[PDB]
Amino acid sequence: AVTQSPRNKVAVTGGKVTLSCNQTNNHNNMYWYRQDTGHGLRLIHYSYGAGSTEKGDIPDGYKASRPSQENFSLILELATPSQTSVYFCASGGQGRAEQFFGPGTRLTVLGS
Amino acid sequence: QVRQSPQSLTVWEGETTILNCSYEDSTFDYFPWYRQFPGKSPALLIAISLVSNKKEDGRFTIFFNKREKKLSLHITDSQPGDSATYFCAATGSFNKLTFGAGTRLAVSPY
């Protein structure tokens, strides 16, 4: 049961903005994707455990923080209309690579 | 990387739906498929490992071919409601999936 607190987020270009995740049911490592009609799921960082953070396929332009299992936040200091998709958080923790996606958070970077 | 040829599809509440996938990294083992329902999050749905060459779970079936790294999931009696985006994922890392780009399908009924 993964939770994406705010479903609709908006921001002005060049403005810090964070995306938080929470997961009832301890599933050690979490993730951080961005839905973009053209290329699916596409991951940007993710952590193995509480204090870890590892780059993904789309790192740079973002920053990730795993303050402590359960919650996992993805930070965007200095927004950009380039990062105006849907951010999906997901957890998991066994072989088979079964990932559990949250409901999603739509981000619109106003600017231009 | 992963590729899905299908991309955007429509079928008659009937026929078989075939969505194709492909990958290159020979490091890859085990490939699950996820299906996203319009306006909702992705969820798993019928996965396979190169060990075998087929897997069934209802009308959902995956056909896998070793080199010439092609994979393809078949939906039988493609019914409306099966319309989703259908993502093809591949891997080999113990949870962590490298995702394809998906192929949105919609089954017109009646």
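A short reminder: the numbers here are calculations on the coordinates, not readings from a lab. Because the Cβ atoms are built from the backbone with ideal geometry, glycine has one as well, and the counts that use them run over all protein chains shown.
Report the far tail of the P(r) of chain A, meaning the percent of Cα-Cα pairs longer than 17 Å.
Details: 3093 of 6216 pairs.
The proportion of pairs with Cα distances above 17 Å equals 50 percent.
Can you give the average number of partner chain beta-carbon atoms within 10 Å of each beta-carbon in peptide B:3-13, as a whole number?
Values: counts 0, 1, 0, 0, 0, 0, 0, 0, 0, 0, 0.
Counting other chains' Cβ atoms within 10 Å and averaging over B:3-13 gives 0.
For chain A, with the dipole built from +1 on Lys and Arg beta-carbon atoms and -1 on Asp and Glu ones, taken about the Cα centre, which of A:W32, A:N8, A:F88 lies farthest toward the positive end?
A:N8
Binning at 5 Å from 0, report for the stretch B:1-102 what percent of all alpha-carbon pair distances ends up in each bin.
Values per bin, smallest distances first: 3, 13, 26, 26, 19, 9, 4, 0.
Under a straight-distance cross-link criterion of Cα-Cα below 23 Å, which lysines are reachable from B:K55, leaving out those fewer than 8 residues away in the same chain?
Partners found: B:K66, B:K69, B:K70, B:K96.
Could you please rank A:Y62, B:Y86, A:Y48, placing first whichever residue has the fewest other Cβ atoms within 10 Å of its Cβ? Present the calculation step by step, with values, prior to reporting the outcome.
Values: A:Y62 19, B:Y86 26, A:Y48 14.
Result, fewest neighbours first: A:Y48, A:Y62, B:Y86.
Using the Kirkwood radius built from alpha carbon pairs, what does the Stokes-Einstein equation give as D for the protein assembly as shown at 4 °C and 1.567 mPa s, in µm² per second? Write out the running numbers ahead of the final one.
Working: Rh = 18.0 Å.
Answer, rounded: 72 µm²/s.
Could you compute how fast the stretch A:15-55 diffuses translationally, taking Rh as the Kirkwood radius over C-alpha pairs and applying Stokes-Einstein at 37 °C with viscosity 0.692 mPa s? Give it in µm² per second. Please list the in-between numbers first.
Details: Rh = 11.9 Å.
Using the Kirkwood radius from Cα pairs, D works out to 275 µm²/s.
For A:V17, A:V2, which order do you get if you count the other beta carbons within 10 Å of each Cβ and list the fewest first? Please list the in-between numbers first.
Details: A:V17 17, A:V2 23.
So the ranking, lowest neighbour count to highest, is A:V17, A:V2.
Would you calculate the convex hull of the Cα atoms in the stretch A:67-112 and tell me its volume per residue in Å³?
Convex hull of Cα atoms, per residue: 95 Å³.
Sorting A:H27, A:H45, B:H74 on the 10 Å Cβ count, fewest up front, what's the list? Mind dumping the intermediate values first?
Values: A:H27 20, A:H45 23, B:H74 17.
By the 10 Å Cβ count, ascending: B:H74, A:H27, A:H45.
Place a +1 charge on the Cβ of each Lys and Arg in chain A and a -1 charge on the Cβ of each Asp and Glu, then give the dipole magnitude about the Cα centre in debye, rounded to the nearest 20.
Details: 10 positive and 7 negative charges, 39 e Å.
With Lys and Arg at +1 and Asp and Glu at -1, about 180 debye.
Give me the number: length gained by fully extending B:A106 to B:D25, i.e. 0.36 nm times residue separation minus the C-alpha to C-alpha distance, one decimal in nm.
Values: separation 81, 0.36 × 81 = 29.16 nm, distance 3.04 nm.
Gain on stretching B:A106 to B:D25: 26.1 nm.
Can you pull the one-decimal nm distance between simple spin-label points at B:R3 and A:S5, each 7 Å off the Cα toward Cβ?
4.2
Starting from the Cα of A:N28, step 7 Å along the direction of its Cβ; do the same at B:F63; then give the gap between the two resulting points in nm.
Calculated label separation equals 3.8 nm.
Taking the Cα-to-Cβ direction at B:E15 and at B:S52 and moving 7 Å from each Cα, how far apart do the two end points lie in nm?
So the two model labels end up 2.9 nm from each other.
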